[PDB]
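> When you get a sec, could you give me coordinates for this:
(one chain, ligands or ions: 1)
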Amino acid sequence: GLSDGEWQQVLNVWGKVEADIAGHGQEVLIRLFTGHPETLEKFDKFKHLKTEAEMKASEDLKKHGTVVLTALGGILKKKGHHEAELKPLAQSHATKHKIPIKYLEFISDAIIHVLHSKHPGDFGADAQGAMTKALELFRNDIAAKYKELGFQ
Ligand code: HEM
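Numbering: from 1, shown residues only. The relevant structure is shown in the block below.
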C-alpha cells in the first residue's frame, strides 16, 4: 500500500530508468547474476556467460533486461492495480521458469543497488523508500500467487 506521494516518487525514479531502459536492465541483470550466481542457472540462454565481461558484451542480456524492466515499468505504472499484468508473470515465473521468491528479492535489491550506482546522490532517501515499497508490493503480490500455486 503506497500513498499517492509514494507512487509519485516511484514514477519519478522510473523516469530515470526509462531514459536508458536497456542500460538499467543490463546492469540489473548483471548485478543479479554476479551477486547471486545461482540465478544465472535459471537462464538456459545466459548460463554460458562465465565472466562479467561476457555478460556486459551480451546483446541478448541487454535485450532481456529491456524485456524485464519494460514489464516491471508497466506494472509500476498501474500504481498497485496490476493484477492483470502481474498474474502471467507470477504464473510463468512459478510454473515455467521455477523462480523462487528469494530471487525476486535479489532482483529487487539489485534494482536499488543499480539506481544508486547509476544515479549516485540522485536517488534520495524518500525515493529509495518509495521504490522499495513498490518492489515489496510487487514481490508480495507475486508471493500470494506463488502460495496459491504451492510453489516454493
Ligand atoms: C522484476 C522482476 C522480474 C520481471 C518483471 C520479469 C519479467 C520477465 C518477463 C516479462 C519474461 C518473459 C515473459 C515470461 O516468460 O513471462 C521473463 C522471462 C524469464 N524470467 Fe523473469 N522477470 C523478473 C525476475 C526474474 C528473476 C529474478 C529470474 C531468475 C533469477 C527470472 C527468470 C526468468 C527466466 C529464466 C525467463 C525466461 C527467459 C528466456 O529463456 O527467454 N525472472 N521475465
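> I'd say residue 34 and residue 55 touch.
Yes. Under the criterion of Cβ atoms under 8 Å, residue 34 makes contact with residue 55 at 7.5 Å. Heads up, the C-betas are built off the backbone N, CA and C, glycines and all.
> who's more crowded, those two?
residue 55 (19 against 15; other Cβ atoms under 10 Å).
> Tell me which helix or strand that one sits in.
Counting by DSSP states H and E, the secondary-structure element that holds residue 55 is helix 52-57.
> Likewise for residue 34?
Secondary structure assignment for residue 34, by DSSP H and E: helix 21-35.
> follow-up on the earlier one: can I get the helix holding residue 55 as CSV, trimmed to CA atoms?
As requested, the backbone C-alpha atoms of helix 52-57 are provided in CSV (Å, rounded to 0.1, in the frame of the first residue of the first chain):
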residue,chain,number,x,y,z
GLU,A,52,31.0,-10.3,-16.2
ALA,A,53,32.8,-9.1,-19.4
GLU,A,54,30.8,-11.7,-21.3
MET,A,55,27.7,-10.6,-19.6
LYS,A,56,28.4,-6.9,-20.4
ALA,A,57,29.1,-7.8,-24.0
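> ok, and for the helix holding residue 34, which residues are buried?
For helix 21-35, the neighbour count (16 or more other Cβ atoms under 10 Å) marks 21-33 as buried.
> Show me which residues of this structure are close to the ligand?
On the criterion Cβ under 6 Å from any ligand atom, the ligand has as its neighbours in the chain the residues 39, 42-45, 67-68, 71-72, 89, 92-93, 97, 99, 103-104, 107.
> circling back to that earlier point, quickly name whichever of the buried residues of helix 21-35 is closest to the ligand.
Of all the buried residues of helix 21-35, the one sitting nearest the ligand is residue 32; the distance, using Cβ to the nearest ligand atom, is 6.2 Å.
> who's in contact with the closest one?
Listed by Cβ atoms under 8 Å, 6 or more residues apart in numbering, the contact partners of residue 32 are 39, 103, 106, 107, 110.
> Spell out the residue ranges of the helices in the protein.
Listed from the start of the chain, the chain has helices (DSSP state H) covering 4-19, 21-35, 37-40, 52-57, 59-76, 83-91, 101-118, 125-149.
> No more questions from me, cheers.
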